[PDB]
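Below sits a lone chain in structure tokens, taken as the form deposited in one PDB entry.
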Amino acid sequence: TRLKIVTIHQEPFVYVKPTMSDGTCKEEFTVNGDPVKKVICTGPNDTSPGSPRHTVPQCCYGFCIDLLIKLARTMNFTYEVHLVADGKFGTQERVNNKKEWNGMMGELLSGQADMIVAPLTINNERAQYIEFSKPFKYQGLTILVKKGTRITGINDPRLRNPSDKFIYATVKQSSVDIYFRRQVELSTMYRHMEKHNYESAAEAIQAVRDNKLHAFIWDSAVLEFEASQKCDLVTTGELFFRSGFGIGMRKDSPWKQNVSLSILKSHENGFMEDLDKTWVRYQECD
């Protein structure tokens, strides 16, 4: 059968652009001269929380799309890509006694998706419910601030002993959200961030540029790309907690072993590193 692939907007792993007038993707090229492999992905345009979500065809490309294409050709399957409806990665929440998953996790479990191809963090909470591949990307957590902002890192007193003077945050219903909610010694930070968490990484990043957010805590694979691309931003403290991205599947999936073997092969034969060279970073800054 045709695999329903869910993903999420997250540069440089997934770029999302409007189709052209005729409903096709504009032919574009990479920095190294290669053609950009684009696919048609349906998803909502209006991102407002609590609003109707009409799907329109759009254009997706990037690291994770190149991975999907490779996986599709390798294991001989066809796919339909769509963007997650609520725009979240996925956490488990009380409703109420009952609990539910949201985001891409929710869609994979409900059957709306057959596979998650996205910068999706592997953790205990998610692994209880779904099957992860071996990591296709080894990374961690870091902190994004505006250039000129000086903090030591995660143990800085302005984070550990917070006030309204210095605002920091992460993304709602993400793995970073789970991370600070679980650990009890991070409880003071979690209650600060809970007042300021953003709906998406792009918004939080823009908020840091606009001096509306002083510190954004997020995936380093993403934050380091942005800091290389936007010189008014920097990362500080560097990796304070390692994590990896994996392909998400139901525990029922017949693809799960061969997907993981394909990941391992791509790490070993240099294909993942070609993707890193193409998409992850290649530019500046000073």
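Each residue number is its position in the shown sequence, starting from 1. What we label the rigid core is the largest C-alpha set whose atoms superpose within 1.5 Å from one form to the other.
Below, we turn to the form deposited in another entry, even though it does not appear here.
Examine residue 260 after superposing the rigid core and state whether its CA is displaced by 2 Å or more between this form and the one not shown. Stays below the 2 Å threshold, so no.
Residue 63: CA shift of at least 2 Å between this form and the one not shown after core fit? Shift at residue 63: below 2 Å after core fit.
Given that the distance between the C-alpha atoms of residue 273 and residue 236 changes by 3 Å or more in the other form, do they end up closer or farther than here? Those two alpha carbons end up closer in the other form.
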